[PDB]
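**Q** Take a look at this one; I'll ask things after.
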Amino acid sequence: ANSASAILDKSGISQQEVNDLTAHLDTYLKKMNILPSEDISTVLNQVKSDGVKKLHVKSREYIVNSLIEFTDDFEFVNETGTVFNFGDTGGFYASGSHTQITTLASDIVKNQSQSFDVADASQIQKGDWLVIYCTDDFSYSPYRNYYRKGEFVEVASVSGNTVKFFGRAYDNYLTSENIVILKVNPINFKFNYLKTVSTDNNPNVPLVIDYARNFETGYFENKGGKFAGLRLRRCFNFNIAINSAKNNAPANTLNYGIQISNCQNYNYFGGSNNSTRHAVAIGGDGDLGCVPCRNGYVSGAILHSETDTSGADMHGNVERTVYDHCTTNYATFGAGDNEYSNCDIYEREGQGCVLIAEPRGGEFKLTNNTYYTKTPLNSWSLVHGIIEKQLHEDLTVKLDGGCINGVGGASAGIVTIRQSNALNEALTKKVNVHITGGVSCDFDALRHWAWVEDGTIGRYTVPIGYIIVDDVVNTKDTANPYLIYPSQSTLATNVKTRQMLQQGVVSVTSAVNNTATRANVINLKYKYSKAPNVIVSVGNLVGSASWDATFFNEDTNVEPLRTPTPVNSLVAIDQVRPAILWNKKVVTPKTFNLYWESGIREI
Amino acid sequence: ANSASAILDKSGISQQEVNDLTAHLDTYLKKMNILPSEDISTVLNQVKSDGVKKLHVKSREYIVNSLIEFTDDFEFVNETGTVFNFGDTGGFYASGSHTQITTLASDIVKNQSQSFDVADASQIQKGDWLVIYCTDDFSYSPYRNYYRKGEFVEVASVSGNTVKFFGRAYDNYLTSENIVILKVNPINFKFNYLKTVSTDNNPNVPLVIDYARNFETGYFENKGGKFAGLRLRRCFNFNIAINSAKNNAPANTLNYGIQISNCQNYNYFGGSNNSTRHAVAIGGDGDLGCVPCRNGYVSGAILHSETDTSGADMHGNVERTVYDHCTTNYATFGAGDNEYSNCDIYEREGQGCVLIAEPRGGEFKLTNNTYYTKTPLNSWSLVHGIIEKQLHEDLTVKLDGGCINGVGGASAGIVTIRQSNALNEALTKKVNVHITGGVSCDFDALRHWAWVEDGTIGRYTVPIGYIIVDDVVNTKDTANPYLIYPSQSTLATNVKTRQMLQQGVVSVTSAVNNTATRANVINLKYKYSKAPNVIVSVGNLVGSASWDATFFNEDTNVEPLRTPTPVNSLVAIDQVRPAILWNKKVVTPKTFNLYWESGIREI
Amino acid sequence: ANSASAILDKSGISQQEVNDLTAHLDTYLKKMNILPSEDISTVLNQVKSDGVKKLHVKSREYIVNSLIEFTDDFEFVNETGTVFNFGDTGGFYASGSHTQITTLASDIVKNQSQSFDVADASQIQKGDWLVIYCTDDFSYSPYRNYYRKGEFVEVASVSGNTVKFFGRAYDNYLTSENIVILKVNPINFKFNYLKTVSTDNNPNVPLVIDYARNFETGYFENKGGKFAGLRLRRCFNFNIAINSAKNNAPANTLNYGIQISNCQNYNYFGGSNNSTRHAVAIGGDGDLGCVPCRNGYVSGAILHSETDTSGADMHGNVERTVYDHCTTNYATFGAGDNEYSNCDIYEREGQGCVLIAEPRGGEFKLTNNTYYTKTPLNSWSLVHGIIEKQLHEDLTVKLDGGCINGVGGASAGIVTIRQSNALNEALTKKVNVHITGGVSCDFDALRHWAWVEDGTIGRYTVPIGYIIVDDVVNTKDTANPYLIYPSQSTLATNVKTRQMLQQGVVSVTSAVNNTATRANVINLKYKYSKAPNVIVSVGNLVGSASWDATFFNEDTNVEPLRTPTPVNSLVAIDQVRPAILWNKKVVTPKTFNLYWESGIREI
Ligand SMILES: CC(=O)N[C@@H]1[C@H](O[C@H]2[C@@H](O)[C@@H](C)O[C@H](O[C@H]3[C@H](O)[C@H](NC(C)=O)[C@H](O)O[C@@H]3C(=O)O)[C@@H]2NC(C)=O)OC(C(=O)O)=C[C@@H]1O
Ligand SMILES: CC(=O)N[C@@H]1[C@H](O[C@H]2[C@@H](O)[C@@H](C)O[C@H](O[C@H]3[C@H](O)[C@H](NC(C)=O)[C@H](O)O[C@@H]3C(=O)O)[C@@H]2NC(C)=O)OC(C(=O)O)=C[C@@H]1O
Ligand SMILES: CC(=O)N[C@@H]1[C@H](O[C@H]2[C@@H](O)[C@@H](C)O[C@H](O[C@H]3[C@H](O)[C@H](NC(C)=O)[C@H](O)O[C@@H]3C(=O)O)[C@@H]2NC(C)=O)OC(C(=O)O)=C[C@@H]1O
Ligand SMILES: [Cl-]
Ligand SMILES: [Cl-]
Ligand SMILES: [Cl-]
Ligand SMILES: [Cl-]
Ligand code: NA
């Protein structure tokens, strides 16, 4: 008579039935005769096996020595101070699933297609999450074999074997290629609060969420783990909530606070992460369905590595991704069509702020950042790229505005792109560089703003479309940089440039018997890659009345009348020399101005 | 003795009283004798009628055939997999309320006033949410009768009949006009998780939240619904949480994933939505209190329509709204003072990326977007506006930076504004266009960067304040666009322009007996609307020693001395022709440079 | 037999044990014999003293007359409509703790160091939150004694007495200085919903959260409180969730909606706040550990003050902070390295939009804002700074793009920096101003774009590095501003400027017997600080065939041949005067063009 089943709630259900509406870990611990001090792996596995859809957990530290694999929807409601101690062997892994349903049966055109045919659409319906995936190694990028092409789509309609999807294709895919079509069954794994402990030797990421869509995470915190703290893998449309994901293990091939692995449409609106290596690593792995990362937006994040790599990262399978209003030591720039904007970027100890080491092609945008440097920037420039493989598309570096701080040096560079000597063939595609927007630099010395060249001078020409360096500011009067450094590739026939205009005035005084009156040669603060265009004009001094023919003639009745023909008497990459050529030799010394303007505008 | 009321908790309350602290749907189902497989409409209505303030729901799919109207605060705590199936007839509608309390009694000045008098302030206190609303059709915009002016305010203080409000008025409102003052009693309708199913024929939006303030939504997901998936209506200060709101119905007048209806101070920080038509529609309807939308900020969202409209939208009652770091197919630009920045914008099949179809006035800012095009852009330009009604204020298109991708064509345009032939009267206000910031375009052909003209050439002049096209890049050597296309309106007397400077060098060699030495005519890559300003100078070749009088004279003792007077011998919209005029005919051929610069700077 | 302890759940725990898994306020009220209508202070204190880690609260208004001090982790789960009425005396204060563990033992270099030695690292481990703090008054800024230097760090590793930390130092700290090292034990204080009422006389902030890290707040709302609605103090890595924090009290020294006090790494992604004074105040106080604020990012917020101060604020202990896509009446700009971008900024009644009143040094970035003005801007410029103390570093104002609206006036200024007469010594560091990006201004009159000067003209020179005003637009034909206003400091020897180029054309007609043919003097729309560089060229009219020697010669066999030597005949700050000097006096009148270009480019 003393059972909860014998007690009647006013509704007519029993007290047992009231109790059954809420699942608690403690009832399971009692029933399974597992103490809260013992490994609870079998208990967590039993709760999920029982199909419990929401589990409340009392605040304790619990041993969890197993890898707990959630494959159905599950929600934790954990009290603060609930900690799962995975030791050397445990972890949580929450995953949806895929199946290969068909193959591609029409060609997909990058940035254009919104539909494709399949061999079999019988298992496809509107709203499905499909994966287009090429199983061929290097099919996205030549840098790593597992950089394979693909993307996630949501089905808009099916008509026969024609699948219309929302949006536009991010890549080209051919019928003739090994293109498989997967269908995803996503998981909805939820938690208000999840806090974990692992040793630095535990090879399991404390939490992985895999094949999930349309979600915002709860609070997550880890201590330990060998490789990464939190991984979001093959996820689609999600926001990362503020967290304490970290890695503090001895250096290995990963060491990531958060790893965003093969995800699409991923924001991180504010937070901080610290790691032995990358704090946020954007990349992934090489299993079936591990698509390139794209449409990433990280904002307001403070991201640091303890070793001399970058806090913020983009691997070579990452495109269409931005860090905005973030702080990082160093930065990696991914495949292309990526951006760092409004960021505070600290130079690495090994020189340079931004590295392009796995370039595929597209734009590399550096918009209104603040850069903090201290090295001479002689071995690595502020922004440095090394092309070791053929590009898929033309590469453009676009540095628009911002503030470059430091001392610089006689050999410092702002943007340098080199072809590796290991790429022993001419580069098919082109490089462009665009530096603009009133970016300032307080270096005491700077060798160049932009340079692009092969790794062996005179081996190959690196094709260049255009280089624009049109609106930059060196704040120090000792700085004397090239706008564009001259060498074979930057001087090749078809290269077009815009190089910042300069202008000035110089007072000259003619002397008796002059047939020319020449300013001294003018050494330009900013040097061009080649002799610039030069305009020279002559005019009166401020504070003097308007010239008439009496200024240069002793008697205006005497003809020919003397006039000052303005010319540029000498031009070099680094020099102009305004002068006057007289039509009759000077009799009376006169003081007046010569004006000049230099520039290059070829595209 | 077997009642929960007979069992004593250690606190001294009964077990029934413990149970009563938490409301569950299952107790209601039992007590009301409604099976969980039956329509639960009467149960939900009874729970809310009972004043339950927080309801826990067990994961099942529940039939809900009625429209459930929440008019008091209510909170759901739903297990994952809780689904409300509305079928053809059901939905949820959560609403606050309004009353008309008074009328406006002083004139309000746009961007200036922070107070207004009323006829009766007896029902107003500090902190109240008031609505200023004009009941007269077309009082905000001439495009649709229900585009009526008004705004939401919060009261800062009341002194007699003077209401001081926080902020500054967004519009002008006159005593003499039909201006009513409403007071809002907001609802606080909450959910952790809400997932719904409706047929595509169900005319109810699955969830509407109306007259709520100061909130962040929980997770929401719908399948089905005829018109829209989620509507936020007459809401004030809110953030939209990530969701799966959608529409997939046959095309009708709406088909919106999320509709933001008549809202003020509305962010959406990351997400994705797909719809038959607009994914996010910003607009609303025409009931009392349906103010213009303003102060919208959507960030990090991927927004697509299946039909050839736009994923991202702004209707003609929308101002002060931005999409930033979003992706969309096509784009609508609302009333004015709106922006798309840092967006990926795909061209519609029907040509063009951005449409201004209900313009009221103000700025239309396109900042650092990437545009993906494939059509010839001959019928609709990249950015295209049609003025069919008088503007309320001058209209400015400001395209600052970015990357324009595609092939273009011989008739392609970047920015075109036309007056409709249906507006058979001269336009009162002005149009301005400002294209700057180093925006690039890789078209093989382009007709113009900017053009503004009436729909019948020579009918009316469209007034233009200024057109600036000062810093653009056509990357292809085949492109030969007008900066500003010349026609009646762009050439009218009072129009002021800035048109990008060009410059170059040409080597010339004089011939024996020349009295002039003329470069061949130079055809400019970028064409002006009218003959540009031209500067010509003469100078030495690189690699040659500084000129003296011996360069152009066989014997410098013989006077007059020959000098090279530099001139521009011919000017056209598209041509310059530097030359030298000699003061005595040439005896010795000489090779030297002529330099030129063109530009227009009128404002 | 009627105890919950006598009833057995199916798990084997008693019904009392089931009940004990959830804490409710109502059980405490019963057991403590406190009615829900009485002061519940003793009940809240007992719940927290009992170590309850999660408390559920039924919706009622509860009297709380005490200041409830949470010093251990605590979580509320409050029903909507739960209100804590603090009256005149109550409040909530949730705090972590600190201890001074050691002192600094090596010098730290701003923007460079990532490690420091301590006197004792025995209490330090990896992951610890440490505070570096200088106890000396004015050690961050000279404006207020409690502006002391320091920062928060997280430990990466400890080796002996060497502490490596994540990131890079934000300031310099010397061994020799009074630099203490604190260790923080943070609190995790959580709530879903917290709504409070206080009188306007209650000196307690309704909620303070102090010494917490890695969190996102829940929903918070207050009515009342004398000084501020919500304070986040000495917090590290957090996001502020949307809220209704406010202040409506009579003006005092604070009156803040939200006060961010001495915090680091703080985002606010969307919201609205209203206050008597600042809506969001960023600053803090002067206790041990009250570091400068840094790494703030507020986005999508509508922020207003009722009095004529600013809605958005940054005090003089704030650096590295941005408001983006926000709306405010007026704005304060903090210490430096701060930004307002993409904001709508309303002019205060007392003139001006943006105030720099406690400058320390660094950049003050105003990027793409829209400014709404109505005063003549004669007493305070749009952007105005007053230097009353020595700067720590050079100060740069960088106004890049945007839209300046209003009438202006004959004395209006855009950027003005003045040295106070109260600073009766020469300023050590420099001021720079950079105005660019195509910023527009629709004023009918404007005196200057940029001016920097001492408070007594001719007393001291304010050192200026550079002033650039290179790309601005006055849309009105009546506006005639100086680019840079000329006075002692802006004209001093070492000052370098870039001042926007101008150019034009004028047709002239020679007359019989001319020895010169002079255009009338040209009055420049934009005036320079000093006589500009001037280029003059001569050329043919549009529509005329290419010039040859016949244009200026009646018989080309007669030598010398007449040629038109182009010159600038007069230059002033505000004037040019193109002319031709003839080598033989004119016989036949000719009509032709003179062209001119002006500019200054000195850095
Ligand atoms: C747990 C373990 O030890 N696994 C072995 C390891 O597996 C590798 C392999 O699957 C590659 C393709 O992915 C993972 O390592 C990447 C890593 O994700 C980073 N890449 C990107 C784009 O973010 C990093 O930069 O590169 C490594 C890498 O290429 O090794 C994965 N590692 C882990 C720890 O999960 O290696 C191999 C193997 O054959 O090389 C087999 C095991 O599964
Ligand atoms: C449920 C229904 O069928 N209602 C009928 C429909 O009502 C219209 C009407 O209230 C207008 C003013 O608003 C709604 O339609 C708008 C719609 O919100 C969009 N506008 C904006 C600015 O976002 C769209 O672009 O235009 C339509 C429109 O103008 O029709 C509302 N429709 C719905 C489905 O709620 O039409 C009428 C009627 O008299 O025209 C009456 C019914 O209430
Ligand atoms: C509750 C109270 O009345 N406290 C007295 C008050 O305390 C001041 C003092 O601690 C200063 C350093 O901080 C607080 O006032 C600041 C305030 O935070 C703002 N500053 C910034 C940078 O945000 C504001 O602009 O300035 C005031 C100020 O300097 O007074 C604090 N006030 C409060 C209400 O907490 O004053 C004194 C005192 O000796 O001056 C003692 C009391 O603790
Ligand atoms: Cl004169
Ligand atoms: Cl002569
Ligand atoms: Cl020489
Ligand atoms: Cl001709
Ligand atoms: Na710019």
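A note on labels: chains of the structure tokens are A, B, ... as shown, every chain counts residues from 1, and ligands are counted from 1 in their shown order.
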Excluding residue C:398 and any residue of its chain fewer than 3 positions from it, enumerate the residues within 10 Å of it, using only C-alpha atoms, and give them as a ChimeraX atom specification.
**A** /A:438 /C:339,363-367,395,401,415,432-436,467-468
**Q** Take the residues that were just selected and, keeping C-alpha atoms, output them as a compact mmCIF listing (two decimals), in the first residue's frame.
**A**
# COMPACT_ATOMS: atom_id res chain seq x y z
CA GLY A 438 43.98 54.68 -46.44
CA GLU C 339 35.19 52.88 -32.62
CA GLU C 363 42.80 55.80 -32.61
CA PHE C 364 39.26 57.16 -32.46
CA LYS C 365 37.55 55.51 -35.43
CA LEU C 366 34.25 56.78 -36.85
CA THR C 367 33.46 54.40 -39.69
CA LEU C 395 45.93 60.64 -30.75
CA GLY C 401 32.89 57.37 -44.79
CA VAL C 415 36.48 67.51 -36.47
CA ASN C 432 46.54 63.32 -36.24
CA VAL C 433 43.24 63.60 -38.16
CA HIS C 434 42.25 61.43 -41.14
CA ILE C 435 38.96 62.19 -42.92
CA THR C 436 38.34 60.04 -45.97
CA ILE C 467 46.09 65.67 -41.25
CA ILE C 468 44.50 63.98 -44.26
**Q** According to DSSP computed on the backbone, where in stretch 210-315 of chain B is there strand (DSSP E or B)? Give the residues as a PyMOL selection string.
**A** chain B and resi 210+213-216+219-223+228-233+236-239+244+246-247+256-261+264-275+280-283+293-305+312
**Q** Set the cut-off to 9 Å, count only C-alpha atoms and all ligand atoms, and list whatever residues fall near ligand 3 as an MDAnalysis selection string.
**A** chainID C and resid 144:147 203:205 226:228 252:255 259:262 281:287 292 314:318
**Q** Those residues you just picked out, can you put them in a file as a JSON list (two decimals), in the first residue's frame with C-alpha atoms?
**A**
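Writing done, so here's selection-v1.json:
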[["chain", "number", "residue", "atom", "x", "y", "z"],
["C", 144, "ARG", "CA", 40.52, 60.29, -12.63],
["C", 145, "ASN", "CA", 42.53, 58.93, -9.75],
["C", 146, "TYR", "CA", 40.87, 55.51, -9.93],
["C", 147, "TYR", "CA", 41.83, 55.03, -13.60],
["C", 203, "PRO", "CA", 21.25, 52.81, -3.51],
["C", 204, "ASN", "CA", 21.73, 49.16, -4.43],
["C", 205, "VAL", "CA", 21.96, 48.22, -8.08],
["C", 226, "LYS", "CA", 19.03, 55.09, -7.74],
["C", 227, "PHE", "CA", 22.28, 54.52, -9.63],
["C", 228, "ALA", "CA", 22.07, 51.71, -12.22],
["C", 252, "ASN", "CA", 23.01, 61.91, -10.01],
["C", 253, "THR", "CA", 26.64, 60.91, -10.75],
["C", 254, "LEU", "CA", 25.62, 57.66, -12.47],
["C", 255, "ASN", "CA", 22.08, 56.85, -13.76],
["C", 259, "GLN", "CA", 27.02, 49.57, -16.23],
["C", 260, "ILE", "CA", 29.91, 47.50, -17.58],
["C", 261, "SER", "CA", 32.41, 48.06, -14.76],
["C", 262, "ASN", "CA", 36.04, 47.03, -15.24],
["C", 281, "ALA", "CA", 27.87, 53.04, -19.39],
["C", 282, "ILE", "CA", 31.29, 51.47, -19.91],
["C", 283, "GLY", "CA", 33.66, 52.38, -17.10],
["C", 284, "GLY", "CA", 33.63, 51.19, -13.48],
["C", 285, "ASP", "CA", 35.13, 52.04, -10.13],
["C", 286, "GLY", "CA", 38.34, 51.98, -8.12],
["C", 287, "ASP", "CA", 38.60, 48.96, -5.87],
["C", 292, "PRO", "CA", 40.42, 49.21, -17.52],
["C", 314, "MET", "CA", 32.80, 54.94, -23.05],
["C", 315, "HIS", "CA", 34.58, 56.43, -20.02],
["C", 316, "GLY", "CA", 38.30, 57.30, -19.99],
["C", 317, "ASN", "CA", 39.27, 53.87, -18.66],
["C", 318, "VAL", "CA", 37.87, 52.18, -21.79]]
**Q** Output the neighbourhood of ligand 5 as a PyMOL selection string, that is, all protein and nucleic acid residues with some atom at most 9 Å from the ligand, counting only C-alpha atoms and all ligand atoms.
**A** (chain A and resi 559-563+582-584) or (chain B and resi 559-563+582-584) or (chain C and resi 559-563+582-584)
**Q** Quick one: pull the distance between atom CA of residue A:39 and atom CA of residue A:81, Å, one decimal.
**A**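 Atom-to-atom, atom CA of residue A:39 to atom CA of residue A:81, that is 17.5 Å.
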**Q** Sorted by chain and rising residue number, list the residues of chain C at most 9 Å from ligand 4 (counting only C-alpha atoms and all ligand atoms), each with its closest atom pair and distance in Å to one decimal, as a tab-separated table.
**A**
residue	atom	partner	partner_atom_place_in_ligand_line	distance
C:521	CA	ligand 4	1 (Cl)	8.3
C:569	CA	ligand 4	1 (Cl)	8.3
C:570	CA	ligand 4	1 (Cl)	6.7
**Q** Need the shell around stretch 574-580 of chain C: protein/DNA/RNA residues with any atom at most 8 Å away, counting only C-alpha atoms. Skip same-chain ones fewer than 6 positions apart. Format as JSON, numbers by chain?
**A** {"A": [546], "C": [516, 517, 518, 519, 520, 521, 522, 523, 524, 525, 526, 527, 528, 531, 534, 536, 538, 564, 565, 566, 567, 568, 594, 595, 596]}
**Q** Take the residues that were just selected and, keeping C-alpha atoms, output them as a PDB file, in the first residue's frame.
**A**
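Saved to selection.pdb:
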ATOM      1  CA  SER A 546      48.818  87.836 -61.017  1.00  0.00           C
TER       2      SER A 546
ATOM      3  CA  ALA C 516      48.981  87.077 -71.914  1.00  0.00           C
ATOM      4  CA  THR C 517      45.470  85.637 -71.984  1.00  0.00           C
ATOM      5  CA  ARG C 518      44.277  85.113 -68.410  1.00  0.00           C
ATOM      6  CA  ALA C 519      41.240  83.329 -67.075  1.00  0.00           C
ATOM      7  CA  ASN C 520      39.385  85.251 -64.414  1.00  0.00           C
ATOM      8  CA  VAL C 521      40.466  84.183 -60.919  1.00  0.00           C
ATOM      9  CA  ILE C 522      38.856  80.934 -59.839  1.00  0.00           C
ATOM     10  CA  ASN C 523      37.528  80.701 -56.297  1.00  0.00           C
ATOM     11  CA  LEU C 524      37.874  77.146 -55.051  1.00  0.00           C
ATOM     12  CA  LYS C 525      34.912  75.432 -53.387  1.00  0.00           C
ATOM     13  CA  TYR C 526      37.146  73.637 -50.920  1.00  0.00           C
ATOM     14  CA  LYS C 527      39.832  75.853 -49.392  1.00  0.00           C
ATOM     15  CA  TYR C 528      43.285  74.654 -48.445  1.00  0.00           C
ATOM     16  CA  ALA C 531      48.595  77.678 -51.176  1.00  0.00           C
ATOM     17  CA  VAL C 534      48.674  73.860 -59.066  1.00  0.00           C
ATOM     18  CA  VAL C 536      47.693  74.345 -65.594  1.00  0.00           C
ATOM     19  CA  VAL C 538      45.954  74.349 -72.453  1.00  0.00           C
ATOM     20  CA  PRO C 564      50.423  79.141 -75.853  1.00  0.00           C
ATOM     21  CA  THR C 565      52.678  78.669 -72.787  1.00  0.00           C
ATOM     22  CA  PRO C 566      50.400  77.544 -69.935  1.00  0.00           C
ATOM     23  CA  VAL C 567      51.000  78.950 -66.450  1.00  0.00           C
ATOM     24  CA  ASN C 568      49.302  79.470 -63.117  1.00  0.00           C
ATOM     25  CA  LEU C 594      42.567  76.203 -69.899  1.00  0.00           C
ATOM     26  CA  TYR C 595      42.576  73.332 -67.406  1.00  0.00           C
ATOM     27  CA  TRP C 596      43.736  73.288 -63.812  1.00  0.00           C
TER      28      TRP C 596
END
**Q** Counting only C-alpha atoms and all ligand atoms, which residue out of C:426, C:387, C:431, C:545 sits closest to ligand 7?
**A**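 Checking each of C:426, C:387, C:431, C:545 against ligand 7, counting only C-alpha atoms and all ligand atoms, the winner is C:545.
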